[PDB]
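Following: one structure in structure tokens, then a few remarks.
Number of protein chains: 2
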Amino acid sequence: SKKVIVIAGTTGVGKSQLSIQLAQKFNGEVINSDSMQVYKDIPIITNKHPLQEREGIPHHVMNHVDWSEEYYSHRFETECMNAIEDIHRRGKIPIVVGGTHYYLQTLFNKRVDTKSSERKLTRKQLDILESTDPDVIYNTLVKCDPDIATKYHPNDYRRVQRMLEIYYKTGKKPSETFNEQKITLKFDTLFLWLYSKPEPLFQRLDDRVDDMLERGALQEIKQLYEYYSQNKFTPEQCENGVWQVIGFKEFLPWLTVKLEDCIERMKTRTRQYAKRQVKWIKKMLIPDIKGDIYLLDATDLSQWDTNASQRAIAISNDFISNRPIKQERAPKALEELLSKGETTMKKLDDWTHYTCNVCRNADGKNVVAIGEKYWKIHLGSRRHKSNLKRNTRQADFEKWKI
Amino acid sequence: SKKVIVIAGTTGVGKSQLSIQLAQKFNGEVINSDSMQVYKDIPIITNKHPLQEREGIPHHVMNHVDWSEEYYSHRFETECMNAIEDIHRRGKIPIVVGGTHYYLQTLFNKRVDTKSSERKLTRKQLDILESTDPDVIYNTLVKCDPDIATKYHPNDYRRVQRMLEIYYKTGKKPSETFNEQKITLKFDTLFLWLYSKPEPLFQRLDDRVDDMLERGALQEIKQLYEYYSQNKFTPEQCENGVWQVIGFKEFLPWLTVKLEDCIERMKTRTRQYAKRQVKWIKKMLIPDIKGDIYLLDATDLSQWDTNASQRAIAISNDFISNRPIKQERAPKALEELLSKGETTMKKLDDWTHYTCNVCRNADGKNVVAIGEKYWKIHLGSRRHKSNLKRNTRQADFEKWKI
RNA sequence: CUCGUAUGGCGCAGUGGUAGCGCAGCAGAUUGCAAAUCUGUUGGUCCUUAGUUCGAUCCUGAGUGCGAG
RNA sequence: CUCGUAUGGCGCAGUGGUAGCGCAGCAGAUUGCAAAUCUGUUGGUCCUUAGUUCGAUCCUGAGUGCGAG
Ligand SMILES: CC(C)=CCSP(=O)(O)OP(=O)(O)O
Ligand SMILES: [Mg+2]
Ligand SMILES: [Mg+2]
Ligand SMILES: [Mg+2]
Ligand SMILES: [Mg+2]
Ligand SMILES: [Mg+2]
Ligand SMILES: [Mg+2]
Ligand SMILES: [Mg+2]
Ligand SMILES: [Mg+2]
Ligand SMILES: [Mg+2]
Ligand SMILES: [Mg+2]
Ligand SMILES: [Mg+2]
Ligand SMILES: [Mg+2]
Ligand SMILES: [Mg+2]
Ligand SMILES: [Mg+2]
Ligand SMILES: [Zn+2]
Ligand SMILES: [Zn+2]
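For the protein sequence lines, the chains are B and A, in the order given. If you use PDB author numbering, the first sequence corresponds to residues 13 to 268, 276 to 421, in order. If you use PDB author numbering, the second sequence corresponds to residues 13 to 268, 276 to 421, in order.
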């Protein structure tokens, strides 16, 4: 049927560069899937692929959102799908490329449509949602459909809230809506994972951050700060839209010697991001797609042409030719990445909540662990231990008094 | 979503016995998928699972067809699906078990519906189909939609004919109908493959055949011969319906010392069938389902409980719990069976036809190889070689002639 | 002691100029027959020996084996 | 040669009773914020030694290493 190639991988592995090659070779168009690259201008830090390097290959869902609006999942689902539709009804083959692997879920119905299902929210319902208290909205969820409330920590406000918002707009238990999902991906899809040992990658990521300021990153940072300013924006705004990007908020303290620390801070966010990306691909993506993915070793750039270009084209050629791929699916060196142990095996299955009666966090609430495995980890943590000593020792102060 | 478990494997690995265990443990019903077990009575040779061993677990699409009719794919698709539907809308979980892995294709839309698409066949069209000549129907196909005619050898009458039958009833090139298929399987399916080293299996299959006659196989063979007889049936009828079963046609020459040979002949058909089954599962099934299947070593029956029962239950448990399976998917010992080399790698990709001008078969036609790889195999075969000698040697009796 | 045969795993062809097939085996195929069907293909040097002959697996003799006497 | 400072990977607190805060690191989560966000967590015995005292990282006195006229 209608083929669709998707290139995934950590930041700085050459996804875009590969996307182009495949686009030319197989007549296709790029469909960005980068939560930040969808914003107007701000190319250097948001690291967009320069036009003079796109070989004229069309790109969609990229650099079209104004800093005034906030992009998101469903905004990507409609935009991404339209592109797919279009590129298909033109004899071309779509190639979605981005580091926001989360959005990929749209490729296999992994979401809830609360839009088409309109429903006037009640004063009562709203008052609960937009409530000042944190644990109030949770207890509400725990009440109506506790099976979903047990999969979310009572502090995960964003999500716990989301779940409740669904229980209302759909009037259907979210836990049930999930047991009735398909997850089957539409369109014959070919997932390509361009990997690279962390050590080498990190080094490149650090230099790429350096020569990124040399190309005039600060000019963009200040511009961003201009709009940021004269708009009475607080640093706590850096959790919405473009303000989330890795390249602005890091220098905020500099924009009120010191600039260096804001750079090292950026080098850290990027490094962390890269690490989190692999985690998602190994614990979220792969498991979801039953593990139908092919790896591409991009650790030794001196190579690339052999390990990436060719291998990709090889797989892609058979894929597009509506034939079963004969490729090894994973080069010996990275063969372990697709193993169950490194993937589905790490996924949390125990959800029973536990509440420590002796430990409590800065927010005053008592510690709550999820899953017996981690519940024990806590019990044996120096945190819990130390807390259990002051407690015992205190209890004794009286025993001795008698 | 709606779960559906499928137990596959060669004949005599214990599929049915396992199907029951899983049925009980997980509240489900069996849906037979054995092209022969769907016929009335004739249990011993058709090897049906005895009632006193089904723990009351309901069975569908099994032993309901009269020897007068001929079962087939679409007959299975409607029957199988109805059972799935029903079993589901009752809180139960279906468990399709059978050795006719071919039918399984219904689990992932791998067929063409020429029924719902009625179309009065033309005298001209029919005269081509039901034509006495063999290569006439082929050349017709080669004309209208040669892309499909190039994937079938000009001697594969059954199929070449079928393809043409589709081009008519649907008025759509079959080659195109395939490039427009989905193949995506409906229902969240869990494929279990119960394997067993050939050597041990064969030994059991042989004894299985022996003690099969001891339980009164001949009684069924004669009964079958009764209906067969007084019906003026010729041995060439053993290509339709029940008459295909392995246990009847083998003794036909005995039914007109000798009975022994008819038994050894049966022991051979069974052995061969088992070999062919694995081939289908490794070159057809697995590749089609992108390799989402779990192996179960059933070579050492002394075990079974550990390697089969438990492992299956383990995987099944997580499956049904709508959770990502953490099981290894393949026990070290059989780990190689799921490798690409043993699977998709063996699939024929070269379809260009080749015709040897010096070699010809008993039917008078010239040899026709498919795929350069096999085209060469022929060119170097002693057949071709020997034929090229008589040719050359004869030509030399011409140069000398002048 | 009459006579007949003796060919790749089995069952068979054939030929005076160094051999074919069926089955098994191995392999490819499979979108209404699938426990069925189609396709390709690896195995011998024609029991041993001494002769006839330009040359024998196919002729003569003998031995060895097997078969109906 | 007289003063300072030496505490988990880096940076810095600190009470007489057997140690912290920040950066990182590690891990779990993710179905309208995901370059985001929530959650859990490993690390050192406080530069070595002799005293002092019931007790020392912190108190006294040496020795080691770095900074300063
Ligand atoms: C007699 C023949 C050729 C096939 C039927 S055996 P089976 O596949 O039904 O037996 P199991 O379920 O594997 O025990
Ligand atoms: Mg590169
Ligand atoms: Mg890029
Ligand atoms: Mg703007
Ligand atoms: Mg989404
Ligand atoms: Mg991390
Ligand atoms: Mg059975
Ligand atoms: Mg075979
Ligand atoms: Mg058993
Ligand atoms: Mg031959
Ligand atoms: Mg013989
Ligand atoms: Mg002579
Ligand atoms: Mg001789
Ligand atoms: Mg931290
Ligand atoms: Mg001391
Ligand atoms: Zn605690
Ligand atoms: Zn030839």
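Here a beta-carbon is modelled for each residue, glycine too, at the ideal position from N, C-alpha and C.
Backbone secondary structure at residue i - three-state DSSP
i: residue 271 of chain B; result: No coordinates are present for residue 271 of chain B, because the numbering of chain B runs from 268 directly to 276.
i: residue 59 of chain B; result: coil
i: residue 307 of chain A; result: helix
i: residue 135 of chain B; result: helix
i: residue 378 of chain B; result: strand
i: residue 83 of chain B; result: coil
i: residue 247 of chain B; result: helix
i: residue 271 of chain B; result: Since the numbering of chain B jumps from 268 to 276, residue 271 of chain B cannot be located in this structure.
i: residue 259 of chain A; result: coil
i: residue 253 of chain A; result: helix
i: residue 100 of chain B; result: helix
i: residue 368 of chain B; result: coil
i: residue 264 of chain B; result: coil
i: residue 233 of chain B; result: helix
i: residue 105 of chain B; result: strand
i: residue 397 of chain A; result: helix
i: residue 403 of chain A; result: helix
i: residue 354 of chain B; result: helix
i: residue 326 of chain A; result: helix
i: residue 119 of chain B; result: helix
i: residue 314 of chain A; result: strand
i: residue 347 of chain B; result: coil
i: residue 39 of chain B; result: coil
i: residue 276 of chain B; result: coil
i: residue 389 of chain A; result: strand
Neighbouring residues, chain B, relative to residue i (Cβ below 7 Å)
i: residue 348 of chain A; result: 359
i: residue 335 of chain A; result: Within chain B, no residue comes near residue 335 of chain A; the closest Cβ sits about 15 Å away, beyond 7 Å.
Under 8 Å by beta carbon: chain A residues contacting residue i
i: residue 325 of chain B; result: The premise fails here: residue 325 of chain B is roughly 19 Å from chain A at the closest Cβ pair, so nothing lies under 8 Å.
i: residue 345 of chain B; result: 359, 363, 364, 366, 368
Partners in chain A for residue i, counting only beta-carbon separations shorter than 7 Å
i: residue 342 of chain B; result: 368
i: residue 274 of chain B; result: The model of chain B omits the segment between 268 and 276, and residue 274 of chain B is among the residues lacking coordinates.
i: residue 194 of chain B; result: 13
Contacts of residue i in chain B (Cβ-Cβ under 8 Å)
i: residue 62 of chain A; result: Ordered by position in chain B, no residue passes the 8 Å Cβ test against residue 62 of chain A, which lies about 36 Å from the chain.
i: residue 7 of chain A; result: With chain A covering only 13 through 421, there is no way to say anything about residue 7 of chain A.
i: residue 384 of chain A; result: Result: empty, since nearest Cβ-Cβ is about 29 Å, beyond 8 Å.
Within chain B, partners of residue i - CB distance below 9 Å
i: residue 311 of chain A; result: 309, 310, 311
- Task: May I ask you to verify whether the segment 308–323 of chain A touches the segment 200–220 of chain A, counting CB pairs closer than 8 Å and requiring at least 3?
- Result: yes
- Query: In chain order, what are the residues with a CB under 6 Å from some non-hydrogen atom of ligand 4?
  - Reply: B/52, B/78, B/79
- Query: Curious, which full-length beta strand (DSSP E) runs of at least 3 residues does the segment 13–37 of chain B contain?
  - Reply: 15–21
- Query: Contact between the segment 337–354 of chain B and the segment 135–143 of chain B: three or more CB pairs below 8 Å?
  - Reply: no
- Message: To test your reading of the DSSP string, which unbroken alpha helix (DSSP H) runs of 4 or more residues are found completely within the segment 146–226 of chain A?
- Response: 147–155, 158–161, 169–181, 186–191, 210–226
- Say whether the segment 26–42 of chain A touches the segment 98–109 of chain A, bearing in mind that this needs 3 or more beta-carbon pairs closer than 8 Å, one atom from each stretch. yes
- Can you find at least 3 beta carbon pairs, one from the segment 286–304 of chain B and one from the segment 245–255 of chain B, that sit closer than 8 Å? Proximity of the segment 286–304 of chain B to the segment 245–255 of chain B falls short of the contact definition, fewer than three beta-carbon pairs being nearer than 8 Å.
- Message: Using a Cβ distance threshold of 8 Å, determine whether the segment 401–417 of chain B contacts the segment 172–192 of chain A, with at least three qualifying pairs required.
- Response: no
- Message: Any contact between the segment 260–267 of chain B and the segment 232–242 of chain B? By contact I mean 3 or more CB pairs, one from each, below 8 Å.
- Response: These segments touch.
- Query: Are the segment 388–406 of chain B and the segment 76–88 of chain A touching, with three or more C-beta to C-beta distances below 8 Å?
  - Reply: no
- Looking at C-beta atoms only, is the number of pairs between the segment 217–224 of chain B and the segment 279–291 of chain B that lie closer than 8 Å three or more? These segments touch.
- Taking 6 Å as the limit, tell me which residues put their C-beta closer than that to any heavy atom of ligand 5, in chain order. The chain-ordered list of residues whose CB is nearer than 6 Å to some heavy atom of ligand 5 reads B/85, B/89, B/115, B/117, B/118, B/123.
- Environment of ligand 7 in chain order, Cβ to heavy atom below 6 Å: A/27, A/28, A/61
- Taking any heavy atom of ligand 17 as the mark, which residues have a C-beta closer than 6 Å to it, listed down the chain? A/375, A/377, A/378, A/386, A/397, A/403, A/406
- Count the C-beta pairs between the segment 22–35 of chain A and the segment 107–123 of chain A that are closer than 8 Å, then say yes if the count reaches three, no if not. yes
- Message: Which residues neighbour ligand 8 when neighbourhood means a C-beta less than 6 Å away from any of its non-hydrogen atoms? List them by chain order.
- Response: A/291, A/294, A/295
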